[PDB]
Amino acid sequence: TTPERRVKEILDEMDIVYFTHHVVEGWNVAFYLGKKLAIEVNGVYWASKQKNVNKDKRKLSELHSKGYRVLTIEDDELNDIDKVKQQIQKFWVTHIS
Amino acid sequence: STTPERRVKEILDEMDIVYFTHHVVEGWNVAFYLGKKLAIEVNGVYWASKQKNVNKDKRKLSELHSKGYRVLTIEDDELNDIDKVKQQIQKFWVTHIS
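Residues numbered from 1 in each chain as written, not as in the entry; some residues may be left out. Chains lettered and ligands numbered in written order. Heavy atoms only, no water. Residues with missing side-chain atoms left out of burial classes, pairs and counts.

**Focus on the layout of surface pockets**
1) Next: Taken as a whole, the second largest pocket encloses approximately 400 Å³ of empty space.
2) Next: Lining the second largest pocket are 18 residues; nearest its centre among them are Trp27, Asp56 and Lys59 of chain A together with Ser1 and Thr2 of chain B.
3) Next: The set of elements that each furnish at least two residues to the lining of the second largest pocket consists of β2 (27-34), β3 (37-42) and α2 (53-65) of chain A.
4) Next: Tallying contributions element by element places α2 of chain A first for the lining of the second largest pocket, with four residues.
5) Next: Residue composition of the lining of the second largest pocket, grouped by class: four nonpolar, nine polar and five charged. (1 Å grid on protein atoms, 1.4 Å probe; cavity = no way out; pocket = protein on both sides within 12 Å on 5 of 7 lines; lining within 4 Å. Points joined across faces, edges and corners; volume = space filled by probe spheres on them. Helix = DSSP H or I, 4+ residues; strand = E, 2+ residues; numbered from the N terminus. Nonpolar A, V, L, I, M, F, W, Y, C, P; charged D, E, K, R; others polar.)

Here's what the structure looks like:
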């Protein structure tokens, strides 16, 4: 139904464990996979989305500066799950291994 | 800047309400399960990845109800007026949990 729900289902299929809506360095991420690996879900727009480019930008720069690798999945990309699974795959394999 | 589910979570945290996230009750997946057969769902008119299938929503609610479950559905757009969603959740909680 929701982007997060869809990402969760992919993670379960790949048998990947995670903390949901987990706080890291004062920031919120959709899924935390450990070893400073996080997945975020975003999109150009949704009804209750309050735009803030500077905040979103700062968030990534701080996390990255602290050793975090963040994979941001766009809600549109979900209509092509085969590509999303690929992004999650590469992300997990190249960073956890 | 935050997903609808994230925004609902923050509300629950503020009200000091505990939950299972993306929980499955009677074969149906809910965004937040609060126990005592209480759940909160997050939906909306339509978004980027949403596939319209009301025949699964009309079924979900009707079946859960007969099993004793009570589901509060929050539309993504409702979050723009956060106070309205807080009072819904507050009343929902007090109603079935008193």
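**Some remarks on unusual backbone geometry**
Residues and elements named next belong to chain B.
1) Next: One non-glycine residue, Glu26, adopts positive backbone phi at about 60 degrees.
2) Next: Structurally, the position occupied by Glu26 is in the loop between β1 (20-25) and β2 (28-35).
3) Next: For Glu26, a relative accessible area of 41% gives the class partly exposed.
4) Next: One non-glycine residue with positive phi stands out, namely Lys36, at about 50 degrees.
5) Next: Of note, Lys36 is situated in the loop between β2 and β3 (38-43). (Buried < 20%, exposed > 50% of the residue type's maximum accessible area, 1.4 Å probe, protein only.)

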